[PDB]
Every structure is written in C-alpha cells, then in structure tokens.
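Protein chains: 2
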Amino acid sequence: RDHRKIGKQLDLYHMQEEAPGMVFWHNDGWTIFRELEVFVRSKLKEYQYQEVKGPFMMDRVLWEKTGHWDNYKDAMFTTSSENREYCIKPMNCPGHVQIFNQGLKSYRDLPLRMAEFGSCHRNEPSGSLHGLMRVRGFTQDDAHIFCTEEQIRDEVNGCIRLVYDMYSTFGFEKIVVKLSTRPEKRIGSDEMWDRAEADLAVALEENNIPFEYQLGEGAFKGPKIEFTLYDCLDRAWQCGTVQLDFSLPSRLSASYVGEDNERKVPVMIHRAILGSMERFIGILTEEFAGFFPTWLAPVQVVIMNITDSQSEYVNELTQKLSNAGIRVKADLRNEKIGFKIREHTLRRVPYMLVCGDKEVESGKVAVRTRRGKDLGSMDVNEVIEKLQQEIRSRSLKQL
Amino acid sequence: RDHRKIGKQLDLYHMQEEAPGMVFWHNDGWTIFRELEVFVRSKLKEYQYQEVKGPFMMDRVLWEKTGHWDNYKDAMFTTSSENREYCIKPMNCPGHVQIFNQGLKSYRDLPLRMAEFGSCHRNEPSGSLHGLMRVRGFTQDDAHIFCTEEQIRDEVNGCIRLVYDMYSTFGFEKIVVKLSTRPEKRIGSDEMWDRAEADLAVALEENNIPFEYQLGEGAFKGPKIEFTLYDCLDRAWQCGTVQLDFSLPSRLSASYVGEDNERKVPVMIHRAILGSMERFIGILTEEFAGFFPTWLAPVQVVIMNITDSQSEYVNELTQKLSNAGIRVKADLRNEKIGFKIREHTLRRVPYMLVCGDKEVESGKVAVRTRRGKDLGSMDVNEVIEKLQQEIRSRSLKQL
Ligand SMILES: *C(=O)[C@@H](NC(=O)c1cccc(O)c1O)[C@H](O)Cc1ccc([N+](=O)[O-])cc1
Ligand SMILES: *C(=O)[C@@H](NC(=O)c1cccc(O)c1O)[C@H](O)Cc1ccc([N+](=O)[O-])cc1
Ligand SMILES: [Zn+2]
Ligand SMILES: [Zn+2]
C-alpha cells in the first residue's frame, strides 16, 4: 500500500528532479483526477456554487495588501516583467475577491458561493517533498462564500453536510472535527467573534458533531474548523478546512449594500473538502491499494478475443461500450487468453470480457472480474446497463 | 460586435492592471470555456488521444536543452528556488516528451497522440495586449503526435479532418490553408524533409485542399501548415497549426524500438485546432455578437412567474430542468413580466419560460425566445426533449 509504487505500477503519474514537487499527470492518472473534478462539480451544482478561474499570477503590490506578504513571502514564487514584480498564486482567495469586486453587490446577491479548481504553487523546501502528499504545485477543491453575519450558521451547516456527504462517497465514515482556540492577536471586533462562535456552536450541535479543540494557536482572522478522515488502516488524514475570515474582505475593499442601504463588508468563509486533490488521490490509491472503484478506474473494461476469428467482434463491442460512456479497451494481441486475463488483472482493470467463438455466435460476452470472479456469459446490453448503474451510482463495490 | 464590450455586458470575464494580460474568468465566461473543453474532449475520444497534464514550471537547464532558450528566452517568465532557476512553461511540448520518455517505447505504441489543455504564459509586451486576443496567459487545445516517418500521411490526414470537423461545428466553413516554404537553416536530413513533404502533399491532395505557400520563412524544425477561418464578417482568423518536428525529439532523447529492433527517434507533430481558447472565445463572442448557441450559452433557460401564486410551480420546473442537464435559473423577483422578459433578452438567454395561472393548472409553460419568437404553451416534457436535442447536437440555431 504505497501510493508512489502503485502510481508507477499503474502508470498514473511521475516526477523528476527537473520540476521538484510538481506532478506529471499521465493519461491514466489524469483520468482519475478529472473524474474527481466531475464529482466535485456535481456537488457544486447541488449546493449552488459558482465556478470561476482566476489568473495564475498577480501584482506583488496586491499581495502586500492582503497582509500575507509579510507572514508568508518566503513561500511564494516570484517573477517580474517590465520592472514589476508578480507572485505565482499560492492561494485563490484574493482572485475571488477581485471577481466579487467587479460590479455593485447588494444583500440580495449573498450568499455568493464561488468555487475554483485553482492551481496554486508554494516554495516548499525540497527535503519535505514526498510523492503526491507534500508537493510544490497542487490543485484544491477551493471555494469562498461571501455572506452576511446572520448567514454564518446556515453556510457552515452547508459546509458540514458537504464534508460528510463527499467523504462517504469514498467509504470514509470515521471523521474527527477540531474547532480552534482563538488567538490573543486577532482581527475583528470582540463582538464580531462571539456572534460567529455562536453560529459555529449552533451549527455543530445541529449536525450532532462532537468537536475537540485544537491545542495550538488558531487563526488571527477568524474561527476555524478542520475535518479529519480515517481510512481502512485507521490512519488519520486532515483534508477539510472551513476558515472564517474577517480580515481579507476589509483589506481588499469588498462591500455590499444592505437592506438598511449601508455599505457593509461581507464575511468570507474559505472552505476546501478534499484539500489538495493530488494529495487526496494519493490517499485513495493507498485506501484501495490500486483497486479503484469502477467510476474512478482509469480503464473500466478490457475486451479480449481468443483467436483472430473473434477479432472483428471485439472491435464492435469496444465501440459499442465506448458510445455507452465506458472507458473500454480492446486487447487483440497475439497472447493466450490466460496471459491477457492475468495481465489486465495485475493492472487492476475492474471487468474483463472474453470473446470466444460461442460468444460471437450468441451476441454475449464471458465476464471475469479483477477479483477472479466468473460472472458467466451475459447479454451485451445487460453488461452495459449494469456497468452504467455502477458508474453513475459511484458504487464502491462490483457485481 | 466588440468582444470586450459584450464580455463586460454578459459578465463573462474581466482583467485588471494588477495581472496584465491574464483573464479573470467569471462564472458565465468559465461556463463557456468549460463547454469548449467538453467539445474538444469529445473529439479527442473520437480520434483516440490521450489527455495529460504537465507541470507548470520546469528547470531552466531542461529548457536550454530544447534550444528554445536561446531563440526565445526573452518571452519566458523566470523564477528560482534554492539557487535553481525555473521557467514558467510557454509551451507544453517538452513536458509531453517527458511523459513519453517514462518507460520503454516500441513501434507498437505509435502513433501515440497526447493532448493537453495546457496553461502557458509568455512575457508579451504590455502594449501589445488586447482583450482576449493578445494575452500573457492562455490555454490551448494542444496535442503532440509521436509517430514513425511512414505514419506522417495518415496522421496529417487526421489533423486535417479534425480542423474542418471542428470549425464547422461553429459555423466556420470558409477555410484557407497555407503551407510553408522551407528555410535554408533547418534541422534534419535533406532526405528526411523530402519524404515528409510528399506525405504532406499527398495528404492535402486527398482532402482536396487548395493550399497557398506562406511568403515568409518557415520553421527550421519541419514542414508547417496553418489553417485560417473566416467569420460571418469575412474576417480572417488564424487558429490551426500543424508543425512537423525533427529537432525536439532528438534533443530530448526520445526513442523507440522499431520492428528491426533499432532505437529510432520518433517524429513529433505539434497540432492545435482552436489555438488559444481565450482567443477563440473572443472570436465566437464577436461571431454571434453575444447570441451564443444554446449549448454555449452560459444560462440556457430562465423560468418566470407572473405573481407569487405561480412561484412554487416555477421552482419545481427549475429543478426539473436542472436534473435534465439544462443550465436554468428561476426569476421570482418582484418585477413585471415584460420587465423580466426584456431584461433576460438583453442578456441573450436563449429560452424564457413564463408561468401564469393557466400554466400551473395545466402542467405546461409559455415559451418566448431571445429573438422575440412566441412558441406558445408547450408540455414540460416536450420543452425538455427539444432542448436536450438542441444541446447535444450543438445546433447553431433555435426552435
Ligand atoms: C487564510 O487564508 C487561511 N486559509 C485557509 O486555511 C484555507 C483553507 C481551505 C481553503 C482555503 O481557500 C483557505 O484559504 C490561511 O492563512 C491561508 C494560507 C495558509 C498558508 C499559506 N502559505 O503560503 O504557507 C498561504 C495562505
Ligand atoms: C515549435 O515548437 C513551433 N511550435 C508551434 O508552432 C506549435 C503550434 C501549435 C501547437 C503546438 O503545440 C506548437 O508547438 C514553435 O517554434 C513553438 C514556439 C513558438 C513561439 C514561442 N515563444 O515563446 O514566442 C515558443 C514556442
Ligand atoms: Zn481561501
Ligand atoms: Zn508543441
């Protein structure tokens, strides 16, 4: 169960010293990554997020206005052009505020939920880099929610359900939630921090969530929540973060018209659910040890002939499955059928369709699974509908 | 017909002096962009491309090994970390060679088609920047084909059909093709350049393509083809490029085992069909003057009530359409029905469903189009199937 070894074994990705901490996503690893995006998007639709894309670098003077420059300038890559210094973005937050600031906002536009699969780069020490887990370039399932003070409970609610709904899809049902203890140096009124804390307290009670407090210092900009999942090995992984923010929107001159016709500053809620998706993919690789569920499997079906007689039939099938939206490949090589079956089993391909002479005469296929289960000869349309149901439901298990 | 004005009008994107030449993609502009990706992917599947994602910067020493450093170092952004200099990638080609170089390749793996929606950055002079057309950061529908010498005709064929098939989807059927005149300084044998030229000549004849020659100097690395489309204003736009390459693969130590069991260098074919997609989107915006075809429209349907009686019904409809895969929005505001209809017309929303009292009692909706056409009251399921057909077929015109 080593995601770097399995990654090489299944041709998912690679890295090289030329781009330390930066992932070369091969076709099959990119297939997994994009199937995560579709999943995230399907929940974005459900909970009504926008999806945006911001620029990959922005003026240094802007980053200095966030206040992150002072604290974290050592972690940001910098480049210049025409005697102007830019920073490769390490976070998507300022960009989203930039999009919010276009056009006059009123209370009726809030809550405004803005999501981005944003690529960010940090200048991590090369010695801390480890596979997909600790990298320099990553994409996170980022989002930022702009809302009034009164909306914090309802919004945090939505983040909480989102965390548990998504993690369960992967088979993660053991989840620890840690609140944060407020620092002595913080931004925002004492009054502002205690109403928000009541909103957080009421939201956690509502979802019946036992929370611990985090023993270290919290964030200076607002209350913060972290979610930790446990995998089948009972290992703890911290992925979800919900970070209330009373500092960035005032610093970047965000405002909206309230019902009282007054320019208030909106509250910002930063939230990721999976965290870094490169990291998350590593986690899934170890969780399943390379036996990806059908919907995540890079290749879902391989169809094989026994001799060249059945070769035309297989190509028919491969196209027929591919029009049905199944990642399928035809294996017409000059190897014997046991060799093909063992080989595609070692490569963790979920289903394997064998086409002997009786299969062609019959309009069916012999089905073997990557666990060695023999499901017998089944109608072609039957295999298609069953496979589609498993894909769309994102079943963790097979037939 | 100004894509920058329409872009502001339809809330597609924006730019600011903080990130010159770099696009802030708002929700609705990002919806168009992602609907282009899906379209490109659907043709990737048809012509069997891989899709990969490479790292966003790589060691300077690598870029020096391509030979592009000397010619074009002024156009590449540079940054460093730990006394090592990196370049923000201005092209995806070296990265794809890196993925190809993992693992032993033999003739049986070629042609190997590798596609990427790769973000690239060039340090263009700030005075040349213009809207979406001339930018510093762009994504192109990039691909690279690794193939034997004998495969050039069949591969170039595939690029040609790809160009015409894709352009026609948008209503571009006037297309000029320009071959290139070979430079005096070039890389590769005299023999190598003349067999490839026969492959190009035979492929162009096969598709009945009248070609001109480009009056300037060609590329030093291989024969090159450019495709120009003409829009409804008879303006010429150059988007497609097919660039044969005999220099990069030898320079980056790519090789494969031939049938003769000899390590040959593969031929590289670089091809983009739309070019920069930010640029291409600008082109479509002017081509349609903001009346995007339904499949590209950011919001495809708006459903409206006439008073709050019909308000519950509209919300039912909006969800029903949204489960059918339609980008739909409900307009329950306290404005009169003509105001809503004019407003969503000015925003070029294709279809508009009005729900009066008779509509709720009947299980139908009144349909008006953004051209002012009154299609009458229709069954709800009827509107759904018709809309789905227009979307999946990517019809340039409405009902
Ligand atoms: C404040 O921005 C706080 N943000 C987060 O913790 C956060 C979590 C999940 C999703 C999003 O979008 C978030 O912003 C934190 O201070 C952000 C931050 C931490 C570290 C660095 N760094 O370069 O080491 C930059 C920003
Ligand atoms: C050689 O790489 C040649 N490539 C292309 O013209 C090309 C066209 C379409 C798609 C792809 O992937 C291509 O590589 C050209 O020399 C590449 C190149 C041109 C300009 C710059 N620049 O930074 O000004 C860099 C690379
Ligand atoms: Zn954030
Ligand atoms: Zn290229």
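Taken in order, these protein sequences are the chains called A and A'. A prime marks a further copy of an entry chain.
Here the entry's author numbering is used: the first sequence runs in plain steps of one and ends on residue 640.
Here the entry's author numbering is used: the second sequence runs in plain steps of one and ends on residue 640.
The beta carbon of each residue, even a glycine, is placed where N, CA and C say it ideally should be.
{"Asked": "Residue 704(A) classed as buried or exposed, judged by whether at least 16 other C-beta atoms fall within 10 angstroms", "Found": "With chain A covering only 242 through 640, there is no way to say anything about residue 704(A)."}
{"Asked": "Residues within the stretch 288-299 of chain A' neighbouring chain A, beta-carbon criterion of under 8 Å", "Found": "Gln291, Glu292, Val293, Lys294, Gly295, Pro296, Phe297, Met298 and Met299"}
{"Asked": "Own chain, CB closer than 6 Å to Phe413(A'), minus 5 neighbours either side, in chain order", "Found": "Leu470"}
{"Asked": "Between the CA atoms of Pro591(A) and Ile547(A) - distance to the nearest angstrom", "Found": "20 Å"}
{"Asked": "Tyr288(A) beta carbon less than 8 Å from that of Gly399(A)", "Found": "yes"}
{"Asked": "DSSP state of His511(A) mapped onto helix, strand, coil", "Found": "strand"}
{"Asked": "Below-8 Å beta-carbon distance, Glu326(A') vs any chain A residue", "Found": "no"}
{"Asked": "beta-carbon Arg423(A') near ligand 2 non-hydrogen atom, thresh 7 Å", "Found": "no"}
{"Asked": "Counterpart residues of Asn546(A) in DSSP-defined beta bridges", "Found": "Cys596(A)"}
{"Asked": "Distance cut-off 7 Å: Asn333(A') Cβ against heavy atoms of ligand 2", "Found": "yes"}
{"Asked": "Expected contact under 8 Å - CB spacing of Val397(A') and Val483(A') to nearest Å", "Found": "6 Å"}
{"Asked": "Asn268(A): contacting residues in chain A' (beta-carbon distance under 7 Å)", "Found": "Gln291, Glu292 and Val293"}
{"Asked": "Unbroken beta strand (DSSP E) run spanning residue 658(A), endpoints", "Found": "The first residue shown for chain A is 242 and the last is 640, placing residue 658(A) beyond what the model contains."}
{"Asked": "Reduced DSSP secondary structure (H/G/I, E/B, other) of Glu414(A)", "Found": "coil"}
{"Asked": "Residue-chain proximity (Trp310(A), chain A'), Cβ-Cβ < 8 Å", "Found": "no"}
{"Asked": "Close Cβ partners of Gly597(A') (< 6 Å) along its chain, the five nearest in sequence each way excluded", "Found": "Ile547"}
{"Asked": "Proximity test, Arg363(A') beta-carbon vs ligand 2 heavy atom, cut-off 7 Å", "Found": "yes"}
{"Asked": "Other residues of its chain near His585(A'): CB distance less than 6 Å, five sequence neighbours each side excluded", "Found": "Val543 and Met593"}
{"Asked": "Any non-hydrogen atom of ligand 6 closer than 7 Å to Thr272(A) Cβ", "Found": "With respect to ligand 6, the structure shown offers nothing to examine, as its ligands consist of ligand 1, ligand 2, ligand 3 and ligand 4."}
{"Asked": "N- and C-terminal bounds of the beta strand (DSSP E) containing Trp478(A)", "Found": "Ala477 to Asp486"}
{"Asked": "Neighbourhood of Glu631(A') by C-beta, 6 Å cutoff - its chain only, sequence neighbours within 5 removed", "Found": "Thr535"}
{"Asked": "Start and end residues, beta strand (DSSP E) containing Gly579(A')", "Found": "Run containing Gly579(A'): none in the beta strand (DSSP E); it sits in the alpha helix (DSSP H), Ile578 to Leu587."}
{"Asked": "is_contact[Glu259(A'), chain A] using C-beta, thresh 8 Å", "Found": "yes"}
{"Asked": "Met619(A) versus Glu600(A) - alpha carbon distance", "Found": "9 Å"}
{"Asked": "C-beta atoms of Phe533(A') and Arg589(A') nearer than 8 Å", "Found": "yes"}
{"Asked": "Proximal residues to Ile582(A) (C-beta, below 7 Å), its chain only, five neighbours per side dropped", "Found": "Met593 and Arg609"}
{"Asked": "DSSP-derived helix/strand/coil call for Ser321(A')", "Found": "strand"}
{"Asked": "Range covered by the alpha helix (DSSP H) that runs through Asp269(A')", "Found": "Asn268 to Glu287"}
{"Asked": "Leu373(A') vs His244(A') beta-carbon contact at 8 Å", "Found": "yes"}
{"Asked": "Contact test: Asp383(A') Cβ vs ligand 4 heavy atom, cutoff 7 Å", "Found": "yes"}
{"Asked": "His511(A'): CB within 7 Å of a non-hydrogen atom of ligand 4", "Found": "yes"}
{"Asked": "Residue 221(A) CB to nearest heavy atom of ligand 1 below 7 Å", "Found": "Lying outside 242 to 640, the shown extent of chain A, residue 221(A) is not represented and no answer is given."}
{"Asked": "Close beta carbons around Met433(A'), own chain, < 8 Å, minus the five adjacent residues each side", "Found": "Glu390 and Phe487"}
{"Asked": "For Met518(A'), the first and last residue of its enclosing alpha helix (DSSP H)", "Found": "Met518 to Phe529"}
{"Asked": "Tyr290(A) CB to nearest heavy atom of ligand 2 below 7 Å", "Found": "no"}
{"Asked": "Run of the alpha helix (DSSP H) containing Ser618(A'), from where it starts to where it stops", "Found": "Note, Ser618(A'): premise wrong, no alpha helix (DSSP H); beta strand (DSSP E) at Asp615 to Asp620."}
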